[PDB]
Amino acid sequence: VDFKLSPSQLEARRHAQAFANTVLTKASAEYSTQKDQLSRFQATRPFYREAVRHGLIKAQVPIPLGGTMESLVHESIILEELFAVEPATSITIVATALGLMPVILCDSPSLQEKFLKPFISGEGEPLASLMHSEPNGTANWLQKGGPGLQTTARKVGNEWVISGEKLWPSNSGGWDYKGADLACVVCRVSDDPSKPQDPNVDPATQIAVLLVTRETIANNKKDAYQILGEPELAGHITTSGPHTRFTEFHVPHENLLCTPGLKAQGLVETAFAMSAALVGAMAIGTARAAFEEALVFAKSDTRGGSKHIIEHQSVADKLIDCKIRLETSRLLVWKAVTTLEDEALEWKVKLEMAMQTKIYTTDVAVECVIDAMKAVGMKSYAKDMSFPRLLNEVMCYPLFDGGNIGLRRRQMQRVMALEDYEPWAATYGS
């Protein structure tokens, strides 16, 4: 057991810091003047372009697939540094990574060659999206006896026809609402969409994932793909994640990611478990910005007293708590991503670790931001400091990427209740 960083991992850190400082710091002056969520998102376009130019999109795809991703620890380091400065654009990079994951993870060399090509070119501003989330929710999408996903697909000849609405998927409508360069649309198979999911068939057996590109949307009637809305979010105000409606939206059979059923579900599960671990790095980045801002302040400001406020035990107690949360969180992320890369561990083991990581790091990040504000006091509440932005951004994390209460705690509970559950396999082996 070793925690030492390789030269390539310290370089990744240096590269991410340089990009965030020289590029991402200029973003706010552009997006802040815009009047709504989409406009703010479109204002980030030049910065994403610079991310592509800096090789950061290509770094979201494994080397075997023509990308430059060195490992998930490198990835975790990059994301922490990025989110400690500016989640605008940073969020777009990782949302694209997620949107690429089902293609990355499938075992279809032709699909990989064809659909990952734009993202490994180092050109343009291509966006990917994993379109899973829906207006009615998704915590219960696999509940046997329940309605299931409300975006459905049926096969008609050599094509699939998609019917229904998505809500929340990042980048899903692309820069201009004519679509992400690649969307992986997750559907429930239904020959007759006006009828309820069969309560006697396992929902996981009816899952399909269809690859939709801008070409696919262009080859369809205009009214077959409509953007109905764009949520105004409490924080991450520069992201896009619209409300989309599919109506008789035709997709070539060749665009079907794999055979419908447990394998399709598994691709979705694996993608979202990988994101569950990586989200920890984002949360640490945000909470670290908070902690660091409060630490610098506490060590340089006396608040009209005789000594720097760090010298008061209650203030120090808050900063200690912040520090501990960030330290424990990073260790857990690095544990989780390494666990996920370990070919000798069973899925159950990797999944459970990923669930722990998402739950802990996101819950604790919020406490860290809030405790940092309390320590600084009143001055943390005005927008000449980072905290108002950080407070809104940090509340995203426990809720998104499969919220802790409805999704991640349930996924974990399910593993723990299996007769063969081995709690310590990721540490002490089977």
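A residue's number is simply how far along the shown sequence it sits, counting from 1.
A.B. asks: With reference to the PDB entry, specify whether the mean Cα temperature factor is higher for 275-283 or for 101-109.
C.D. replies: For C-alpha atoms only, the mean B-factor is higher in 101-109.
A.B. asks: Is the mean CA B factor in the deposited entry higher across 366-374 or across 34-42?
C.D. replies: Taking the mean C-alpha B-factor of 366-374 and of 34-42, the larger value falls to 34-42.
A.B. asks: Reading the B-factor column of the entry, which of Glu86, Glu311, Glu80, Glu248 has the highest value at its C-alpha atom?
C.D. replies: The C-alpha B-factor peaks, among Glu86, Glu311, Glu80, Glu248, at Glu248.
A.B. asks: Highest Cα B-factor in the PDB entry belongs to which of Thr328, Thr92, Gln226, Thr302?
C.D. replies: It is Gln226.
A.B. asks: For the chain shown, is the CA B-factor of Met412 in the lowest, middle or highest third of its modelled residues?
C.D. replies: Lowest third, going by the recorded CA B-factors of the chain.
A.B. asks: Using the B-factor values recorded in the entry, state whether the Cα atom of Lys58 falls in the lowest, middle or highest third among the modelled residues of its chain.
C.D. replies: Its C-alpha B-factor, which the entry lists for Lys58, ranks in the middle third among residues of this chain.
A.B. asks: Quick check for you: using the entry's CA B-factors within this chain, is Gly266 in the lowest, middle or highest third?
C.D. replies: Its C-alpha B-factor, which the entry lists for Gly266, ranks in the middle third among residues of this chain.
A.B. asks: Place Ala29 in the lowest, middle or highest third of its chain's C-alpha B-factors, as listed in the PDB entry.
C.D. replies: Highest third of the chain for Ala29's C-alpha B-factor.
A.B. asks: Against its chain's modelled residues, does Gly179's Cα B factor rank lowest, middle or highest third?
C.D. replies: It belongs to the highest third of the chain when residues are ordered by C-alpha B-factor.
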